[PDB]
Amino acid sequence: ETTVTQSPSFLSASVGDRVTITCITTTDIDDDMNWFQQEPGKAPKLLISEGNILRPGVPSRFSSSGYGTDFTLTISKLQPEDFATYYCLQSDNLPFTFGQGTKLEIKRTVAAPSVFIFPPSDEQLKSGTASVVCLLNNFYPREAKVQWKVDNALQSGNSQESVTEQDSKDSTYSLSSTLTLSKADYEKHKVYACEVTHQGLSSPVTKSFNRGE
Amino acid sequence: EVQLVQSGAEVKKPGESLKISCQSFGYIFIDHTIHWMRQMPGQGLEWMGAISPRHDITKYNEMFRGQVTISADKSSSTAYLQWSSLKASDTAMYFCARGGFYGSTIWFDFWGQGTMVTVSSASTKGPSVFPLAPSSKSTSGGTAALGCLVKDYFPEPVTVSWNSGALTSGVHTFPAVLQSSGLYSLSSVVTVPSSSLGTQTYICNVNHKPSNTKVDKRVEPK
Ligand SMILES: CCCCCCCCCCCCC/C=C/[C@@H](O)[C@@H](N)COP(=O)(O)O
Ligand SMILES: [Ca+2]
Ligand SMILES: [Ca+2]
Ligand SMILES: [Mg+2]
Ligand SMILES: [Mg+2]
Ligand SMILES: [Mg+2]
Ligand SMILES: [Mg+2]
């Protein structure tokens, strides 16, 4: 198959900026490059078809170029609705093959997270399991390191994280990290700590509690 | 105008068979081809194959040939994608899209809305809802955080509101994680004035329609 290499995979830009994304193919596909936009939970939308043809109703801030093996898409004057994932597609030969995608994120100022820790509830403890939750609220950029420590022992492979989509109003992210232990393990330890490293913090922030207290 | 309408979400066990569908409206079905795309969770798009209903001709991506069958019914303008034996790794969103023939220059101009397929050994199970109670360890400035842990349910989705939809500001409902059980689990949190806390009642309303589980959980300080 023709391999399609799309770059960059991720790009931050401000509303109003202009950006250019590229796709390179392993075979000469003439002008058969196509561009799609996809928002989370939705089907892709065709923007531009073979021969750099903008589809009817697509804003003229989207344009493309390229012939052979090297292709680009430029979006000018980025609008908030433009911040989505873009995919290129070669339609020269079977099988149809897509680039791996470019996710465009809204750039904003650095914001440190507010950090909160939640001990397991007594109701959950009754059932034989303990979940400890650490919340990082309303931060930017998305990169954040969360470390769990139980009586100073670093927990590895013991936790799962989830991150929200960028907030439509303030362009921040929030993240939860859940540490899961047996009731038995939970009750043989005292200090539960969540340590957060983020570029908006001059040094790491630790939130902790002692079991019981 | 042109609409491609796909069938509803599917939840299946490994080894089971499945046929999903895509029905076309607003154009002549036999004038185009219908193509099937896979999008695995968090991944990009893969072209699986296509059918010309006019000519009863199918084309498959080599990586999918022998795993799936694409077919069409001209009478109802419907295209189908089917597996005879599903695997966990078939868990993905599936899209149909319209195209042309050899020589055509426009591809996937209209898409269905697409169909989620989950394949798991797990069985239907309602969640337990636990409070994430506000305290000092969860009071930043004059801001407190509280929430609900919605643990151990299958399949997706669950919905969460706060105070029957009256509380929307500062709410974050997280995407669920799939546990090694798995059983999914998610948390929903809200930040509120610490002076709340206190005097305002906070209730998370949890709905898991697959198990018909509905829970209203009051979340109280300390
Ligand atoms: C009747 C059989 C139908 C079978 C199912 C349909 C599958 C569609 C197959 C076409 C896939 C090859 C992609 C080629 C597309 C060309 O038409 C354009 N790039 C134009 O060709 P150019 O100008 O670049 O040479
Ligand atoms: Ca061409
Ligand atoms: Ca070509
Ligand atoms: Mg930039
Ligand atoms: Mg510029
Ligand atoms: Mg904005
Ligand atoms: Mg331990």
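Numbering of ligands and ligand atoms starts at 1, following listing order. Labels below follow one simple rule: chain letters A, B, ... track the order of the sequence lines, proteins then strands, and each chain is numbered from 1. Heavy-atom basis, side chains included; hydrogens, waters and symmetry copies ignored.
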Peer 1: Using ring-ring contact (aromatic ring centres under 6.0 Å, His included) as the criterion, point out the one residue from B/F101, B/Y27, B/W107, B/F108 that pairs with B/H32.
Peer 2: B/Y27

Peer 1: List the closest protein heavy-atom neighbour of atom 25 (O) of ligand 1: residue, atom name, distance to the nearest 0.1 Å.
Peer 2: A/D30 OD1, 4.6 Å

Peer 1: For atom 17 (O) of ligand 1, is the nearest protein heavy atom closer than 4.0 Å?
Peer 2: yes

Peer 1: May I ask you to decide if the ring planes of A/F139 and A/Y173 are parallel, tilted or perpendicular, using 30° and 60° as cut-offs?
Peer 2: tilted

Peer 1: Nearest protein heavy atom to atom 6 (C) of ligand 1, by residue and atom, and its distance?
Peer 2: B/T33 CG2, 3.6 Å

Peer 1: A/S12 and side-chain hydrogen bond (donor to acceptor under 3.5 Å, both in side chains): which single residue from A/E105, A/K107, A/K103 fits?
Peer 2: A/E105

Peer 1: Strictly by modelled atom types, are A/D28 and A/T69 linked by a side-chain donor-acceptor pair under 3.5 Å?
Peer 2: no

Peer 1: May I ask you to check whether B/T105 has an N/O atom sitting below 3.5 Å from an N/O atom of ligand 1?
Peer 2: no

Peer 1: Just jot down the ligand 1 atoms closer than 4.0 angstrom to any heavy atom of A/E50, in number order.
Peer 2: 18 (C), 19 (N), 20 (C)

Peer 1: Can you name the atoms of ligand 1, numbered from 1 with element, that are less than 4.0 Å from a heavy atom of A/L94?
Peer 2: 11 (C)

Peer 1: Check each heavy atom of B/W107 against ligand 1 and say whether those closer than 4.0 Å belong to the side chain, the backbone, both or neither.
Peer 2: side chain

Peer 1: Hydrogens and angles aside, do B/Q179 and B/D152 bring a side-chain donor and acceptor to less than 3.5 Å of each other?
Peer 2: yes

Peer 1: Going from CH2 on B/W47 to CD on A/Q90, what distance comes out if it is rounded to the nearest 0.5 angstrom?
Peer 2: 10.0 Å

Peer 1: Which residue and non-hydrogen atom of the protein lie closest to atom 14 (C) of ligand 1, and at what distance in Å?
Peer 2: A/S91 O, 3.3 Å

